[PDB]
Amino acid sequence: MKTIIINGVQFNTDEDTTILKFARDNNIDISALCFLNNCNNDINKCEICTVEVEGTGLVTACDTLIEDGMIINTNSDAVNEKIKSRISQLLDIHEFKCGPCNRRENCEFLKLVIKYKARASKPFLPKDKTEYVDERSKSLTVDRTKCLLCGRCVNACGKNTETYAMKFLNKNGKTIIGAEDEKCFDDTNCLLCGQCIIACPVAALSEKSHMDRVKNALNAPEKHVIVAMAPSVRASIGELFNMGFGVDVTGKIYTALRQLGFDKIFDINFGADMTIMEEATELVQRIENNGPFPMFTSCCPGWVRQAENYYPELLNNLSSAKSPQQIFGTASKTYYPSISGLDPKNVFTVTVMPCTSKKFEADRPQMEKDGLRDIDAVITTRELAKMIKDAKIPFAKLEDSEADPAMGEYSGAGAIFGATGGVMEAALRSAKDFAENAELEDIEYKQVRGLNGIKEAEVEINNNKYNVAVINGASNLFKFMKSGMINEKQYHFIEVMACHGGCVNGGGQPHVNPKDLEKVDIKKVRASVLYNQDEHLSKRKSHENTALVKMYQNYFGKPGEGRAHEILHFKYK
């Protein structure tokens, strides 16, 4: 048992950890910036975590182990002068104009400037940001006037995806971050998954705005503007309204969307029940067809890009069912006019997504029919929050309202889509019923839930055993393939999400303070809202969705055939 003194207080512990981790395990205030995902900016360490060790001098707390006899001072003048200097030198390369900034309310660097009363040696007042801004992508943007060069996005890309699509670059003898060869991210192997945004402590990385599309549509008197939110939005957007973590705010969202002027309040969970209808039907067809196996899910656009960029040989094995977003959009321009009288050309369909990659998917040229886009605009969870705040809507106290049912009702199978393994579980609930011509009461598939990187299970379907796998994160897709794990057995159905934890941890989600991430399992607590909804919903199978059944009976017919096969499917070449 080593004995250490921090700020004159004695500690006796048996732990082998850093000074930073021990301090925040014992409520001792140590600042940090570049340390995230268990790694600091190995090159160009920010040194904001500086503490003093007697007999040693100034050290970085985030990567220095505690030792016996250590005497630490976290708040001496020499320490605070050094930290203040590092922040001051960051201010020298930082456009400190918080008023119109999209991180004004939850910025890690503003918090540090205030804490240490840091002050630039010369204010950075760039006069034309076009040199600093890259908005070429359909999903991501870069504003380098805010970039601290802390490396958190580069480390997060490598850790979360193993593509290293975010790189340090040498541009005119100066270090920047960007895509390979400073190209548009879309034109590289980048998945557009936005995990680099999530890792960013400032507004140097953002989603590509679709707020112009939405604003103009709401202002056009002939446009009838539909809005529909992803599963995960209702389990996360309250974090940006001081409501805490894990709060179900579904009903408040419906009310806020009406107060914003949208003409119909639907739900992408209805599209999730559609995807299950088509995809579970396809799985049964492949089973009766003895292949081809495996079938991969096709609903994650980051996974689709990963397949396109790294495993093109797998593209024909992707399910032909459109993603819940695109399958909903297709039906919004065809079935919805048939029950409303709207001119299809005047319908404007907006989705709210926890995801930046969904903007690329919606803008794919072939994602349209008769000149009408499936989906006209995609705003992130963060974008909707700003929308509500700009309209001065008191979100935290809104009364609950319901969705418009026609394309708004959803089963519990659709509700869990946002968590890793949720698509797999939802698909199995319908597929087993379909294949066995039965109504089975045992529907919970806990074996595919959870935060394990690769999850596998053996399922019995119509007196035969099948192998399924759930791949939780793009880096785990690489591991699954490169290790030969896809060859330990014959796999028949495989779910892939590019974001660890599923869509609840998507690239369009609210940022979380690094000190909140050490105390809150954000993947688990956001997902728990969705699993709770499934528990309490009166329908827990996608093919039991009353409004969906009515849509197929009156308009699309039976899944996988005819009209459904005609327009609700999409294949990648």
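Residue numbers here begin at 1 and follow the sequence given. Basically, rigid core = biggest C-alpha set you can superpose within 1.5 Å across the two forms.
A.B. asks: Core-superposed in 7 other deposited structures of this protein, which stretch deviates more in Cα positions, 67-75 or 397-405?
C.D. replies: Output: 67-75, the stretch lying farther off on average in 7 other deposited structures of this protein.
A.B. asks: Quick check on the record: does 8-16 or 559-567 carry the larger mean Cα temperature factor?
C.D. replies: Of 8-16 and 559-567, the stretch with the higher C-alpha B-factor average is 8-16.
A.B. asks: According to the deposited model, is the average Cα temperature factor higher in 51-59 or in 510-518?
C.D. replies: Mean CA B-factor is higher for 51-59.
A.B. asks: Which of these has the highest Cα B-factor in the record: 371, 421, 344, 246?
C.D. replies: Out of 371, 421, 344, 246, the record gives the largest C-alpha B-factor to 371.
A.B. asks: Take the CA temperature factors straight from the PDB entry and tell me which of 46, 525, 70, 504 peaks.
C.D. replies: Going by the entry's C-alpha B-factors, 70 comes out highest.
A.B. asks: C-alpha B factor of residue 34, ranked within the chain: lowest, middle or highest third?
C.D. replies: CA B-factor rank for residue 34: middle third.
A.B. asks: Using the B-factor values recorded in the entry, state whether the Cα atom of residue 152 falls in the lowest, middle or highest third among the modelled residues of its chain.
C.D. replies: Lowest third.
A.B. asks: If you rank the chain by CA B-factor, which third does residue 231 end up in: lowest, middle or highest?
C.D. replies: As the PDB entry reports it, the C-alpha B-factor of residue 231 lands in the lowest third of its chain.
A.B. asks: According to the PDB entry, is the CA B factor of residue 127 in the bottom, middle or top third of its chain, that is, lowest, middle or highest?
C.D. replies: For residue 127, whose C-alpha B-factor we compare with every modelled residue in the chain, the answer is the highest third.
A.B. asks: Taking the C-alpha B-factors as the PDB entry records them, is residue 241 in the lowest, middle or highest third of its chain?
C.D. replies: Tercile = middle for this residue's CA B-factor.
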